[PDB]
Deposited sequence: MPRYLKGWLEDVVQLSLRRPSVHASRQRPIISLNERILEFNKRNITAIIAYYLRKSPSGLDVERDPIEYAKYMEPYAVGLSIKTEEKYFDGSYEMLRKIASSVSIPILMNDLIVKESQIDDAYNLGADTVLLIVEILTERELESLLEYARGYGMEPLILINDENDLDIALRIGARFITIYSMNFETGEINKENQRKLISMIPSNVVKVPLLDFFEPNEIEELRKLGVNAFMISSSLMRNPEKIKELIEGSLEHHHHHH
């Protein structure tokens, strides 16, 4: 990885030391980005349900979101989010929709864990990896049949991601030291992405109007965290018309 400081470097060193799992995956890969493509052709609003334990139960949240979300994001970082590989494994073997393993992935054995635990794709972060490392892990994920979700926070991230051939990009526009999502630069970054790349902004809190606005910006799917954890029912109004 790159040399970083503070809590990022703490997590990165923990991820480097993360022991591999010895599970064997018990179902095929349900590709997240292809399912977003299918949702797009059918004009179905594609919502990725962003789950992090630290507060609802992981299985309950996953079963609830299964009929409505285009896929789940499961944070498996253990220290600052209290995720776990076993939690992801229980989730993947009980829901039928794609599972994104959300973690700080810095080594190939983490992608091996993801594949072996039932996850369908992985998150790769331009800011923590060298450009060649990111290219290597992107190609490595593809060899498993996983098109990974490439996280960009700024313009330089995006140009690295486009240069190395990312086709699945999530726009956080987030400062990891604070956790604040700058929605304006997020909108600008979304505009800078070619149309042929599946682009997915992260929205912690949202109002129903800004989803239609981002939809006008050409967004393929929405990863929503905090709002859907506080009110899971909010996803229904996003993906279907009301009968009442």
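In this entry, the deposited residues absent from the coordinate set span 1, 56-62, 253-258.
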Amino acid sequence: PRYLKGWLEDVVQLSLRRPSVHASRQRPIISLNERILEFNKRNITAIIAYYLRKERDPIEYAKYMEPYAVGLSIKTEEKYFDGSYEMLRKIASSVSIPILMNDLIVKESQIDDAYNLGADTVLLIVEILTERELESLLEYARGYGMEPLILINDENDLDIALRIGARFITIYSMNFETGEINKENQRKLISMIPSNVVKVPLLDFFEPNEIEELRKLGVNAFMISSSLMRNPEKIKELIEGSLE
From here on, numbers count along this sequence of modelled residues.
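As recorded in the PDB entry, 200-208 is the stretch of 66-74 and 200-208 with the greater mean C-alpha temperature factor. Set 173-181 against 38-46 and average the Cα temperature factors; 173-181 ends up higher.
For residue 235, the recorded CA B-factor ranks within the middle third of the chain. Only modelled residues enter the ranking. For residue 219, the recorded CA B-factor ranks within the middle third of the chain. Only modelled residues enter the ranking. In this PDB entry, residue 142 carries a Cα temperature factor that places it within the lowest third of its chain's modelled residues. Among the modelled residues of the chain, residue 168 sits in the lowest third by CA temperature factor in this PDB entry.
Sort the chain's modelled residues by C-alpha temperature factor and residue 1 lands in the middle third, per the entry.
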